[PDB]
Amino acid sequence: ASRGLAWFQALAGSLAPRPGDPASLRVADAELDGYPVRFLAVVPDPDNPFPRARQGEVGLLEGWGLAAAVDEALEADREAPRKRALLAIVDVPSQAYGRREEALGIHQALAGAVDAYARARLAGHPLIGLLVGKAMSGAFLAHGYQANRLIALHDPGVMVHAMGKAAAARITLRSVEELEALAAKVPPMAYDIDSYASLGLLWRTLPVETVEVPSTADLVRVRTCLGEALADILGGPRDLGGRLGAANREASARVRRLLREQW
């Protein structure tokens, strides 16, 4: 039904949704080289109470639902010897776009998600974001961008951005033609994963044999990668400082530096 769903069942075994989670969520605990791992993924739910959230969007339920599952695991390992890692399989086309959604405070729903993941990361839980499909705007802020490390599959279906070129062109006052034009000259404007990589926001990109449904070869390279990523995280700084190494984020780093000088 979506690359997220395909990749969740392939990495977690459990493909049916837990009871208690919205049908749009997919949670499942498991192990990854003897390390406790909870897999989270947002997938489509063509029978979602909200119509504007039936193609995998991260809407009201998906938002709070994520805040639920993470806070669940947060208090479990409140005591545990080893805080369990959270692996976010990211593949969400967008935020839910709709009246129902805005009226009920969808911005607040996704804030519950961000708060959860963030508090988890801060506590010692290792987050890892696996970009297997689309990762857009608010949806990705909620489900993914609190990660200690980001991993994307190298593939044309994997895209990162904040708005569809239709809407972006409108707000901005440009044609879809000049965006795609500009998107080659301005890496932060581009949708492809190569341009994202140049922002040095990815800890690793890894190409695959069959992105739609991982092959036993793929799933082992991906599983190995997560293992390596998880070890890099453990025992180290928990902040997002690792996302400042790239030359295209030169300025982000310079601002933080100047800030401290004048602080």
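Counting begins at 1, following the sequence as shown.
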Decide which of the stretches 14-22 and 250-258 has the higher mean C-alpha B-factor, going by the entry. 14-22
Mean temperature factor over C-alpha atoms, higher-scoring stretch between 141-149 and 175-183: 175-183
Between 41, 208, 234, 201, which one tops the list for C-alpha B-factor in the PDB entry? 208
Within this chain, which third does the Cα B-factor at residue 113 fall in: lowest, middle or highest? middle
Lowest, middle or highest third: which one holds residue 190 when the chain's residues are ordered by CA B-factor from the entry? lowest
Test of reading the entry: by CA B factor among the chain's modelled residues, which third contains residue 130? lowest
CA B-factor placement of residue 166, once the chain's modelled residues are sorted into thirds: highest
Looking at the entry's B-factor column for C-alpha atoms only, identify whether residue 158 ranks in the lowest, middle or highest third of its chain. lowest
